[PDB]
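# Observations on the model geometry
Chain by chain, the residues run as shown.
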Amino acid sequence: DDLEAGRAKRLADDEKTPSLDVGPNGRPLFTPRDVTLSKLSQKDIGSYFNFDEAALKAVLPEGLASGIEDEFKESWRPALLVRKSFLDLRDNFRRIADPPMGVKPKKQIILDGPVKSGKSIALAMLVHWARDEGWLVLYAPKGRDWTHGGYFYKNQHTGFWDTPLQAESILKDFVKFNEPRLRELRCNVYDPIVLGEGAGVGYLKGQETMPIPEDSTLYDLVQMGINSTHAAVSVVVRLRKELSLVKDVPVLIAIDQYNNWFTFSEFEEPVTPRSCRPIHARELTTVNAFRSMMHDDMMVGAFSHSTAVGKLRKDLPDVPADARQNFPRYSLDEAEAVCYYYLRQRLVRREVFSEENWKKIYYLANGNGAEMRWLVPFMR
Amino acid sequence: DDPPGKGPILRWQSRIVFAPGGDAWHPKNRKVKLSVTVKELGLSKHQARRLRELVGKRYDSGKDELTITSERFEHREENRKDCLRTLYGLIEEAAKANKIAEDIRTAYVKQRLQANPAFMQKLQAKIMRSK
Amino acid sequence: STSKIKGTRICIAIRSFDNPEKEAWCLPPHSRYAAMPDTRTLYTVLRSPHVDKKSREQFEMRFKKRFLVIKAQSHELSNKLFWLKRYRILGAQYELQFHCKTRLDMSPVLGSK
Amino acid sequence: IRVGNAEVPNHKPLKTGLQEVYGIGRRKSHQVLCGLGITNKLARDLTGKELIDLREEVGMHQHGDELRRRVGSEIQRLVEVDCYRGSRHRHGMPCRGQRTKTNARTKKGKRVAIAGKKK
Amino acid sequence: XXXXXXXXXXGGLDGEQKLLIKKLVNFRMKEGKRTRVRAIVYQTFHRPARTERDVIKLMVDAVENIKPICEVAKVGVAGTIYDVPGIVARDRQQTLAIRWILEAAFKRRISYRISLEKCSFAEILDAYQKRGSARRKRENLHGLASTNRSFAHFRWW
Amino acid sequence: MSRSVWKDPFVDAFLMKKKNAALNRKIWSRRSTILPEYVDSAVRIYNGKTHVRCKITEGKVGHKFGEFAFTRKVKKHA
Amino acid sequence: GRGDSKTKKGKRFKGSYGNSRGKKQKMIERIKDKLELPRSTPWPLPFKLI
Amino acid sequence: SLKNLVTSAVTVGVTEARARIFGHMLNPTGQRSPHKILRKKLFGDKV
Amino acid sequence: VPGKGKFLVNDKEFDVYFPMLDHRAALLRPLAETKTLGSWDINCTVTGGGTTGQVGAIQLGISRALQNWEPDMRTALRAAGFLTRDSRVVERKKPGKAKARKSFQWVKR
RNA sequence: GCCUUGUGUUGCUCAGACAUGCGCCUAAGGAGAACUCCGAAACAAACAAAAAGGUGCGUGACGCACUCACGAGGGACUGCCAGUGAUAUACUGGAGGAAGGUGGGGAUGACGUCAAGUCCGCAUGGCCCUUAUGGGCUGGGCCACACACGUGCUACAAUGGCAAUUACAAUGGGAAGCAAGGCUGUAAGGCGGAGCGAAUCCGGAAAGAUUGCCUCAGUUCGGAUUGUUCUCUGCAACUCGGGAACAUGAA
Ligand SMILES: Nc1ncnc2c1ncn2[C@@H]1O[C@H](COP(=O)(O)OP(=O)(O)OP(=O)(O)O)[C@@H](O)[C@H]1O
Ligand SMILES: [K+]
Ligand SMILES: [Mg+2]
Ligand SMILES: [Mg+2]
Ligand SMILES: [Mg+2]
Ligand SMILES: [Mg+2]
Ligand SMILES: [Mg+2]
Ligand SMILES: [Mg+2]
Ligand SMILES: [Mg+2]
Ligand SMILES: [Mg+2]
Ligand SMILES: [Mg+2]
Ligand SMILES: [Mg+2]
Ligand SMILES: [Mg+2]
Ligand SMILES: [Mg+2]
Ligand SMILES: [Mg+2]
Ligand SMILES: [Mg+2]
Ligand SMILES: [Mg+2]
Ligand SMILES: [Mg+2]
Ligand SMILES: [Mg+2]
């Protein structure tokens, strides 16, 4: 495995001299180091934002997206492309957050588009920008996990289905980052939490409702939901309820693989002694708490075509009709910038690069990011 | 050019098989089709909806074509008469929707008027005067 | 024009084993002409009256169809039908399709509007 | 664990481990796990509440040594009534109309009975 | 041209390299199913394609290292079987080398039970260094050729 | 309806009009179902050559008459 | 397993239907239940599937 | 609302009227019926 | 039509219609041979056959349309052979045989 | 297999245009200052059409450019060039072309040989039977089972098995029939019938691709054998039919 030694050696030698950081038409390839994500400009379109890997994991501790990890393992550098599509979305949500002193911004945005265009990376960069603004950001990088795996028990009052393992993992990924703000905030409803069936341990004997203390914080509520496996589902529902009444800081709910909540789940219910019936995703309690876009809060839902969800309606239920947006593929200048970036990262040889070569690869892959990335070492 | 007189216009289709050999009966002999335009009848919207529900797939929306086909009788003129009787029965049943519309509109209006403190005192005074 | 004849008309469908174009003189006069796909039916028979399984002969039966359009107004349909009843087409069977329009009487149903 | 009348292996997943019970196959195992509300888990990770639920759920189907005894008893009663099927069962011949000229080797045995000593 | 349409569109290859790619894809295809073996071959090429080098020139060198120049044939003279040597032509050298490469890769697949791309790249990389099972097959064939060199002039072709 | 099979069992016509008293005679009707009113009776069932004597018991109810009269002889090879 | 009559391949080889294969009605019912529709909706669907 | 009630009550009663107009046979409970075997031709003569 | 790079197969995107990279490579080969990539807007309607048959039909159609647009690229396309219609089709099954050429197993003794 | 020419409905209708029907999701009240207003209402309605915006499925008018269907033809002949050769017949290369040397495939099968096969398809010379070797019905057998051989199907698996999603055909068949949608049953089935004697109406192609599970096991490989519960055809499924459900799980 001494193959990669030469590439790593030449890459470590290439950082000693800064005259190689030139892109298309000789423009400097990367952003100036003094620029953060909140201050990105029009003039930064077509450049590459450098990151730190440990700092990126600190800002996003719920888990890096598969597209980001796939780009990182092949580019060997924590950098991401800055595009116009992310800037306009950021301007949309900044206008929604605080109006300045004909384009109506939209609160709830669904990101649809061609497969492998970068919806996960755009949503992750938006979540990074919002957490740099210090908002209350609930990030779900894998919406498939909410419907797949674990136990399922029917609620004896509502008729919906309870999933305690996912209900506690949601809270763990929330409080892994949002602990110091949830220490500050306070709850606005003090009704008792009605207990439910535990993950394989059944119904708690003696305890029917957990009473809420007068001085309880959102952190106290979520820690109760984590510590008790008979309360996780109702704590998730309650947490969704208090996420809409907070007035101190802006609150954003970002979901990846949002299309998985509109189809069947893994679980099945016996409806006949010789038959079984599949369960829709809408019948889950934690999905039912979060799926509807008929509210006043800032929601982003990014579809995924890599997961085999299939065909859905153009008029989806419980969402506004105009909520869908198209996330376009690469254009010519974006392809030129990413080709020169891969030239800089030495994914291709210096003696075979040409305008015609990268134009051929771009025209074959039709602007697909993963297909372009997998094709460019075969450039001759 | 269309027919004489005035009224809605029908369109007929009929088949005659000229088989050789002195045996004349062919199964394609007895099928008759008739086509009509729904909007020429001038029915109301609720009457048209009841017609569409009563019809199913004999109605074609791109052409507004109601087409009735009869093969259930042994002779061509019998199937033609059956087609016309069916058309008249369809129009007669489709016209009934106005009465049901009026009845449930009056039911909704009277449900609205029962829950009103202003109208109930006047109604009770008028029924108290005549007892 | 070359658009489709829609209205009062006659359509003749002629089915045959041979091509009707071989004897074109027996066809009725017409405004339009068209042809349908040919249809074949395959038979595979043993050659021998006893065990010669791998020796087969293959025959077929082929059907041919032609479509004729005649424009005719309302008065002369009963005149044309008398002659169309008595034609002699060579090795064929023909199909008389009639397109005509009448009007609707509204009087016994107008009470229901 | 001892469910029904057979051993369920602790290291195996439950959906394939539950098929060890006589009378439980590929589809009844799926029905039983969907009744318990469990997708799939190892048999050593089962809680005692799920164990008594699994025992009461499996007890809703005929299974185990009583099913074996029932099958043996009805095969015996066919022999005792001595119909054609009982005669075939006693002679060890196929009883569902299959040919016996060449291909009845599962009911009869290996071709170790060989030659036949003449043409 | 039907094989490796991607490597034909991203052109700049000669007939010998096109023949090499077509052979390496089609030799192990069974029942007319090309997609799985073409994906395996593409990812085996891609394993050092992301680390500079010219992988097709590496394949040319690797095949040239296992091309055998002489082979044997069984010839019957007066009832006894002799083992007559003979010269191998330019197509048959290529086909024998690629067949030995794929045979050794699949036997390594059965032995270690790992990914087939890993096995194919392992055998090609080791054949680049003048060792391995395919090179030992070449030297064994040359041993059988050079043991029976006295029995040439029994050649009929 | 509590019927598990929608169709009546088959019994031949010369049984349908005499019932039990046509049940102490030779029969040729191998395709007739053995009815629960036929118990405790002796019949002679045709097997192609002879008449097998069979006494109807509880164990034969629901089967056919011909299930108990074998047609082919069990063979013992040389 | 084209000879296993309990599997989809075996049912297709036998030319029949069952729990394993299922007719067109099963696909229609499943696609009606997937997109959140009443079961009396006429086939084909009067929507745009994207 | 009024719109759904007016759009839904006008299409009722059609089930028996359609069968009366078109001569259909109505079997609401799905029992086995001889209609399916009496609706076919009598191929005796042909034979 | 002279354009910017759009390519539609039966009202769908060709990345959607041919998700394999090799079908798209075979479709873009005639453009890359005559060096006119990034100059065209192509709309095609395809039918019948399988997948490689459809790809070959679309490729031959593109080559013929390019020659109709400007006849001086015939010498470019003829060397790669993009103007030769492939005449090879499915051969019929012969009686007394299992397939077109495969016969039944022969018994000699 | 390629190209002309003529005909264009049940077939095609691409781009660029004109007009239209039906179903949805919203919120919407008549009159004199640029129909606006300042006029009427108590309560939400959108009603006889008209009156807004997002849309989904289509149709007509113009055509028949294009695909396709059909009728008639063209084109490929060593025709042309160079060489080898015996200036012949040919052989080896090239140009042009959709196709190059027999373009692919089918049909077509000499004199006679095997006293080849068929008297149980049929017709026939000779012999033979005639209360029977002739004619009818019921029931059985041609499906037996120490064994041997031939032709096939399914497999012994990871280039794979299974589930979910998603693509792409051709030949044919349909009145003793094919049967869309819908209801009912775990399922085979059951009820009912939009259209169609059919370029018009009627039946999810599979391998393939995407995601996930399985991880070398006699297995989530392979489905023989067997039990119970049913179903279809039929006067009738015991010997002796097809199919379903659950279980059993050989080699
Ligand atoms: N701004 C960007 N910077 C770097 N890489 C990008 C960018 N946008 C897209 N890509 C490339 O595209 C690939 C796929 O991105 P991503 O996973 O976001 O697809 P997607 O749009 O989320 O669609 P799906 O979720 O259906 O795969 C990544 O591997 C990445 O390399
Ligand atoms: K048998
Ligand atoms: Mg994603
Ligand atoms: Mg299996
Ligand atoms: Mg159903
Ligand atoms: Mg149906
Ligand atoms: Mg063919
Ligand atoms: Mg033309
Ligand atoms: Mg040539
Ligand atoms: Mg000849
Ligand atoms: Mg002889
Ligand atoms: Mg004889
Ligand atoms: Mg044979
Ligand atoms: Mg009908
Ligand atoms: Mg037909
Ligand atoms: Mg597959
Ligand atoms: Mg896979
Ligand atoms: Mg097994
Ligand atoms: Mg049966």
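Here, every reference points to the structure presented above.
Residues numbered from 1 in each chain as written, not as in the entry; some residues may be left out. Chains lettered and ligands numbered in written order. Part of a larger assembly, values for the part shown. Heavy atoms only, no water. Residues with missing side-chain atoms left out of burial classes, pairs and counts.

### Overview of the overall build of chain D
Rules: Counting from the N terminus, the helices are DSSP H or I runs at least four residues long and the strands are E runs at least two residues long. C-alpha atoms define the radius of gyration, and 2.2 Å times the number of residues to the power 0.38 defines the globule rule. When a residue's accessible area, from a 1.4 Å probe over protein chains only, is under 20% of the maximum for its type it is buried; when over 50% it is exposed; and in between it is partly exposed.
A count of helices and strands for chain D gives 6 helices and 2 strands. N-terminal to C-terminal, the α/β element order of chain D is β-β-α-α-α-α-α-α. Taking 119 residues into account, the globule formula puts the C-alpha radius of gyration at 14 Å, and chain D, at 21 Å, lies well above it. With respect to the three principal axes, the spread of C-alpha positions in chain D is 65 × 35 × 20 Å. Per-residue burial for chain D yields a buried fraction of 30% across its 119 residues.

### Here's the deal with the packing of helix α3 (residues 35–49) of chain E against helix α6 (residues 116–127) of chain E
Two measures define how a pair of helices packs: the angle their axes make with one another and the distance between the axes. All names here are of chain E. How we decide: For helices, the axis comes from a line fit to the C-alpha atoms of the stretch in contact; other axes are also lines fit to C-alpha atoms, and the angle between any two N-to-C directions lies between 0 and 180 degrees. In these notes the angle categories are as follows: under 35 degrees is roughly parallel, over 145 is roughly antiparallel, 65 to 115 is roughly perpendicular, and the rest is oblique. The handedness criterion is simple: a crossing whose near helix is rotated anticlockwise from the far helix by less than a right angle is left-handed, and one whose near helix is rotated clockwise is right-handed. Contacts are assigned to residue pairs that have any heavy atoms within 4.5 Å of one another. Ten residue types, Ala, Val, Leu, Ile, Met, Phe, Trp, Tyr, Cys and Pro, are classed as nonpolar, four, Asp, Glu, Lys and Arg, as charged, and the remainder, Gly among them, as polar.
Interhelical geometry of α3 versus α6 gives an angle of 55° and a closest axis separation of 9 Å. It follows from the interaxial angle that α3 and α6 lie oblique. Between α3 and α6 lies a crossing whose hand is right-handed. Facing α3, whose interface residues are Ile-40, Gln-43, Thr-44, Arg-47 and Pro-48, α6 presents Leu-116, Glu-117, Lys-118, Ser-120 and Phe-121. By residue class, the composition of the contact of α3 with α6 is 4 nonpolar, 3 polar and 3 charged.

### Some words on the site of ligand 1
Residues and elements named next belong to chain A. Put simply, the rule reads: Near, as used in this document, describes a residue that has one of its heavy atoms within 4 Å of the molecule or strand being considered. For this analysis, a polar contact is any N or O atom pair within 3.5 Å, provided that within protein one partner can donate a hydrogen and the other can accept it, and provided that sequence-adjacent residues contribute only side-chain to side-chain pairs. In these tables, accessible area is a Shrake-Rupley quantity obtained with a 1.4 Å probe, and a residue counts as shielded only by the protein chains included in the view.
Near ligand 1 you find 16 residues, and of these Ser-117, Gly-118, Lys-119, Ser-120 and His-305 are the closest. Here an oxygen atom of ligand 1 sits 3.1 Å away from a polar atom, N or O, in the main chain of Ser-117. Between ligand 1 and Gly-118, the relevant distance is 2.5 Å, taken from an oxygen atom to a main-chain nitrogen or oxygen of the residue. Contact with the protein chains hides 96% of the accessible area of ligand 1, taken as 620 Å² for the molecule alone. Those elements that provide at least two residues to the shell around ligand 1 are α3 (66–75), α5 (119–132) and α13 (369–375).

### Details of empty space enclosed by the protein
Residues and elements named next belong to chain E. For clarity, the threshold we go by: Method remark: on a 1 Å grid restricted to protein atoms, a set of points is classed as a cavity if a 1.4 Å probe fits but cannot get out and as a pocket if it is open with protein on both sides within 12 Å along at least five of seven lines; lining residues have an atom within 4 Å of a point. Grid points are joined across faces, edges and corners, and a volume is the space filled by probe spheres set on the points.
Taken as a whole, the second largest cavity spans an internal volume of roughly 180 Å³. Lining the second largest cavity are 16 residues, and of these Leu-24, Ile-40, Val-41, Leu-102 and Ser-120 sit closest to its centre. Among the elements of the structure, α2 (15–26), α3, α5 (90–112) and α6 are those that each provide at least two residues to the lining of the second largest cavity. At 5 residues, the largest contribution of residues to the lining of the second largest cavity is made by α3.

### A word on the environment of D:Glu7
Residue and element names in this part refer to chain D. Mapped onto the fold, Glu-7 is located in strand β2 (residues 6–7). Exposure remark for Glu-7: the relative accessible area of 46% places this residue in the partly exposed category. Note: C-alpha distance between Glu-7 and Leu-18 (11 residues apart in sequence) is 8.9 Å. Not counting chain neighbours up to four residues away, the residues in contact with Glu-7 comprise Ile-1 and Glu-20. Within polar-contact distance, the side chain of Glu-7 engages the backbone nitrogen of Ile-1 at 3.3 Å.

### Details of the side chain of A:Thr307
Residues and elements named next belong to chain A. Relative to the helices and strands, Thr-307 is located in the loop between β12 (298–302) and β13 (324–326). Looking at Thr-307, the relative accessible area reads 17%, which means it is buried. A polar contact is formed between the side chain of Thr-307 and the backbone oxygen of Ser-304, at a distance of 3.5 Å. With residues up to four places along the chain from it excluded, the contact list for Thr-307 reads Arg-144, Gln-257, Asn-259 and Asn-260.

### As for the layout of surface pockets
In this approach, a probe sized like a water molecule rolls over the atoms, and the result shows the empty space that is left. Taken as a whole, the second largest pocket encloses approximately 1600 Å³ of empty space. Along the walls of the second largest pocket sit 43 residues, with A:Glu268, A:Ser275, A:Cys276, D:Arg27 and G:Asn19 positioned nearest its centre. Looking at the lining of the second largest pocket, the elements with two or more residues in it are β10 (264–272) and β11 (275–280) of chain A, α2 (26–36) of chain D together with α2 (24–34) of chain G. When grouped by side-chain class, the residues that make up the lining of the second largest pocket number 10 nonpolar, 14 polar and 19 charged.

### What to know about the nonpolar core
Inclusion rule: Only buried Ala, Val, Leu, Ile, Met, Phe, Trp, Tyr and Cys residues count toward a nonpolar core, and they belong to the same one when joined by side-chain atoms within 4.5 Å.
Counting residues in each nonpolar core, the largest one holds 56 residues, and the members touching the most others are A:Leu136, A:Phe174, A:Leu182, A:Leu243, A:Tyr258, A:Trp261 and A:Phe290. For this core, the elements supplying multiple residues, two or more each, are β4 (136–140), α6 (164–175), α8 (218–227), α9 (232–242), β9 (251–256) and α10 (285–290) of chain A. With 45 residues, the next largest nonpolar core counts A:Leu347, A:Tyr363, I:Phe18 and I:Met73 among its residues.

### Here's the deal with helix α4 (residues 65–81) of chain D
Residue and element names in this part refer to chain D. To keep it simple, the criterion reads: Given the number of residues in a helix, its expected span is that number minus one, multiplied by 1.5 Å. By definition, the arc is the one covered by directions from the helix axis to the C-beta atoms.
Along its 17 residues, α4 runs 24 Å from first to last C-alpha, staying within 8% of the 24 Å computed at 1.5 Å per residue. For α4, every residue scored as buried is listed here: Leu-67, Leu-78 and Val-79. Along the axis of α4, the buried residues cluster in a sector spanning 125°; they form a single face. Away from the buried face of α4 by more than 90 degrees, exposed residues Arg-69 and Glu-80 are located. Tucked inside the fold, the buried residues of α4 contact α5 (84–91). Once α4 ends, the next one or two residues include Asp-82, with phi positive near 60°.

### Side note on the arrangement of the chains
In this assembly 10 pairs of chains touch, with chains B and C having more contacts than any other pair. Regarding chain D and chain E, the two do not touch, and the least distance separating their C-alpha atoms is 22 Å. With respect to C-alpha atoms, chain F approaches chain I no nearer than 29 Å, and the pair has no contact.

### Some details on the sheet that holds strand β3 (residues 42–44) of chain I
All names here are of chain I. Applied cut-off: In this description, strands pair whenever DSSP reports at least two bridges between them.
Spatial strand order, β2-β1-β3: 3 strands in an open sheet with mixed pairing. Each edge of the open sheet carries a strand with a single partner, namely β2 (12–13) and β3. The pairing of strand β1 (residues 7–9) with β3 spans 3 bridges and is classified as parallel. Residue pairing in the sheet places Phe-7 in a bridge with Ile-42 of β3.

### Details of a positive patch on the surface
The cut-off we apply is this: Like charges are joined within 9 Å and nonpolar side chains (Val, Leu, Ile, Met, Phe, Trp, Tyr) within 5 Å, but only among residues with over 30% relative accessible area and no salt bridge; these make up the patches. Basic side-chain nitrogens of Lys or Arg form a salt bridge, by our definition, when they fall within 4 Å of a carboxyl oxygen of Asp or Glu. Only four residue types enter the tally: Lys and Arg on the positive side, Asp and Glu on the negative side; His and the chain ends are excluded. Throughout, a charge is located at the NZ atom of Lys, the CZ atom of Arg, the CG atom of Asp or the CD atom of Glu.
On the surface, a cluster of positive charge is contributed by D:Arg105, D:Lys108, D:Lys110, D:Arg111, F:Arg72 and F:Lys75. Note that D:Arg105 resides in helix α6 (residues 105–108).

### Topic: the protein's contact with RNA strand J
Of all residues adjacent to RNA strand J, which total 176 residues, the nearest are B:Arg52, B:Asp64, D:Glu74, G:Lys32 and I:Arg74. Looking at RNA strand J alone, sugar and phosphate atoms form 77% of those within 4 Å of the protein. With respect to RNA strand J, the side chain of I:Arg74 contributes an N or O atom lying 2.2 Å from a phosphate oxygen. Among the elements that take part in the surface near RNA strand J, α2(G) stands out by supplying 7 residues, more than any other. For the surface near RNA strand J, a count of residues per class yields 42 nonpolar, 53 polar and 81 charged.

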